[PDB]
């Protein structure tokens, strides 16, 4: 019904956090697990601060087992190590202008909240406080967007002089009235722009501003293995509420970078046994999915005895474009495509079966792909 954010399919997420929260260890962990391990060898040779994490998807799982292809290529969520992309340690109380300059190149933020204090020799009681840091980042983001708007808004006030006006100026004026509200919000309401109630037009204008406060955010509350293995934390309850009163709706994933890390030392199997004995599970899958989803992404597959690959597309993408994803020609020389809804294929366990039941549908240009769809272009 509505789309927000940057256009396209190759959307990425970056890891945001306050100095010393597990950002680097969290990243190295991802890169080290089965999901982020540079196992995927398309010779892509990812960049050091970039991690291509495999998106978990039982559908992909089944399809792989069903066709048992020589090659299996899962979907991928891009995750950037913002900190790593700038050695500098901001002088400002927050993240800094440099750190942010890199965040801008991202589309979904992974905000690591600290809920551990094992880095303390002596307690000062009030030293390590998440709630404080949580508010800092927000305010820092708001100021930036606020300033950006202010300036940009200042620019539009120029070309607004009357005289032989209202003939085309009124067009740009409506924009100024809106940018005005965007500012109003960022300053008055004092809440991230992604939380306002805007219209399709307003959303459109805003996107052109690439505001920091426009990107969705996913909170990763990093606590100790001990706290995580007992589902109880010291700051968790507090952090939770704060969210509901400052950035409502945003996902809150309690985790333990320490634990995740340790799990990478286990084989896919052992990892399970260990997870069962401790009665718990790795949050990576959950984290990545939440990210992949927050970015409004879905996928369809292309199965075959040779290969089974999951292709990422936007929630409302249509067949032609979807096909374009693989080979540009597919879209150009497009007329029709052969779709096979995951549910049908999963119910018939073979192309022919469902194909015999008519379930081997034939879609044209006006078809919005459906998550899980198994397609085939000619």
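Positions refer to the first chain, counted from 1.
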Check: For the C-alpha atoms alone, is the average B factor greater in 158-166 or in 255-263, going by the entry?
Finding: 158-166
Next item on the list: Higher average CA B factor in the deposited record is what I'm after, so tell me if that's 292-300 or 83-91.
Entry: 83-91
Next item on the list: Choose from 190, 114, 240, 281 the residue with the greatest Cα B-factor as stated in the PDB record.
Entry: 240
Item checked: Among 127, 145, 107, 250 - the residue whose C-alpha B-factor is largest in the record -> 127
Next item on the list: Could you say whether, by C-alpha temperature factor, residue 176 belongs to the lowest, middle or highest third of its chain?
Entry: highest
Margin query: Considering every modelled residue of the chain and its Cα B-factor in the PDB entry, is residue 52 in the lowest, middle or highest third?
Written below: lowest
Note to self: Is residue 343 in the lowest, middle or highest third of its chain when residues are ranked by C-alpha B-factor?
What the structure shows: middle
Check: How does residue 58 rank on Cα B-factor within its chain, lowest, middle or highest third?
Finding: middle
Next item on the list: Check where residue 362 lands among this chain's C-alpha B-factors and tell me if it's the lowest, middle or highest third.
Entry: highest
